[PDB]
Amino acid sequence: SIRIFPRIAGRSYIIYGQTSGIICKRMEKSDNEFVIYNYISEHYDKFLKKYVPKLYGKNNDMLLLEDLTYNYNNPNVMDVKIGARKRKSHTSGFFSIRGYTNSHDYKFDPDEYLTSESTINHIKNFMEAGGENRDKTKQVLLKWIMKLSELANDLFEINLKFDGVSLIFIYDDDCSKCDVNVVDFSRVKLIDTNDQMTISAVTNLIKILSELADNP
């Protein structure tokens, strides 16, 4: 029977597949998320390959998605909202941390508006599972910067409003593996320009992670 997937943020009904390495996400309201996966697949295959979890297929209202945590022994996950919010402004100005592994233990609240200092403290909290090993965490930060830089650069040539999309940052406890990918295309729209709001979210994140990777 059904094992609920340990979501770290959001609200969607997400379960493990009956099969390894697959999560099933229930679309609500409409199939827009499906329409946008297919739209990206046709018009921007490279963006889809580099940055988005594989969509293996559809089953009524369920998207069969690549489990981004599957290849990790001890995954640590952070959801950061980089697309425009529906109704409220971002909790950290240009982006909103939505949740992370053990976030409740540090009294993280997705509704709390944060200063620069609290924003950095929460990312430091996310990184705490990495240990004191100062220069294996540095390697995790640098690989995140590498991919976020390419993403911000590719977003200039992509005519989509990434309303509501999140970065999912993932690192193993042993810091042997990490990655970051974009998810939640539920509210993404066609436009005839690039999304400067979303670009500014990635560049601000790159700035913050760079300051972390550097400081002694």
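All residue numbers refer to positions in the sequence shown, first residue = 1. Throughout, rigid core stands for the largest set of C-alpha atoms superposing within 1.5 Å between the two forms.
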item: Positional deviation of Cα atoms in 8 other deposited structures of this protein after core superposition, greater for 136 to 144 or 102 to 110; value: 102 to 110
item: 124 to 132 versus 86 to 94 - which carries the larger mean C-alpha B factor in the record; value: 124 to 132
item: Between 143 to 151 and 186 to 194 (mean CA B-factor, as deposited), the higher; value: 186 to 194
item: Among modelled residues of the same chain, the CA temperature factor third for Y100; value: lowest
item: Third of chain Cα B-factors occupied by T203; value: lowest
item: Where the record places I8 (Cα B-factor, split into thirds across the chain); value: middle
item: Chain-wide C-alpha B factor ranking for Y44, given as lowest, middle or highest third; value: highest
item: Chain third (lowest, middle, highest) by recorded CA B-factor, residue given as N38; value: highest
